[PDB]
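See below for the structure under consideration.
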Amino acid sequence: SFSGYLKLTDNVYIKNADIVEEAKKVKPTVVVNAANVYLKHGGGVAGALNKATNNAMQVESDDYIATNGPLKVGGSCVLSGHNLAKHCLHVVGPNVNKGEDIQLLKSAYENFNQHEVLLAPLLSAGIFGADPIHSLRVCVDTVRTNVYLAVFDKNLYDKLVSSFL
Ligand SMILES: Cc1ccncc1CO
């Protein structure tokens, strides 16, 4: 199971870890991807998870988009977890670097409530441009299921834990 996590609340846990290495170790039922509406996994967490699947995540995602069209910002879809997890929950948080509504971050986290346990990154953090402290607050105040957050950056992990209210 998940090991080395710091408990923040009844259901939210956090660890300074690479989510790809964490997924390969745990093989969780659900790994969350920090997706965009087109499921184009170029960089950030998405680029890293896709590279770990040898691009199989991108091939599956292109077929999904060809059939269904783009996701909504704040929305999600369940696809295969490939070699990382049973499933990948592709969740689109708002990208503030694309001028998207930060208010959609709560809607994005609501997708996590459809899964009893998830391994996830902080939505809209990193290259999505939102304040990770704000993302963690929205996570704890929105997600009711068991979420194990992997924060890649050690300095950011320390700042998140030390400032957690
Ligand atoms: C977690 C992560 C995010 C972006 N790039 C690389 C990594 C490591 O796999």
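In listed order, ligands and their atoms are each counted from 1. Note that the numbering runs from 1 along the sequence shown for the chain.
Among all non-hydrogen protein atoms, the one lying nearest atom 5 (N) of ligand 1 is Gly44 O, 3.7 Å. Protein heavy atom nearest atom 6 (C) of ligand 1, with residue, atom name and distance: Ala48 CB, 3.6 Å. With hydrogens left out, the protein atom closest to atom 9 (O) of ligand 1 is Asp18 OD1, 2.8 Å, a heavy atom.
Across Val59, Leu84, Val20, a single residue satisfies side-chain contact (heavy atoms from CB on, under 4.5 Å) together with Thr53, and that is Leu84. Under the side-chain contact (heavy atoms from CB on, under 4.5 Å) test applied with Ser76, the options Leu89, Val32, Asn33 reduce to a single match, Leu89. Just one residue in the list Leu160, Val12, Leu149, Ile14 forms a side-chain contact (heavy atoms from CB on, under 4.5 Å) with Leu6, and that residue is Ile14.
Of the charged side-chain nitrogens involved, at least one lies within less than 4.0 Å of a carboxylate oxygen, so that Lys40 and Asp62 count as a salt-bridged pair.
Shown in contact with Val45 at under 4.0 Å from a heavy atom are these atoms of ligand 1, numbered in order with element: 3 (C), 4 (C).
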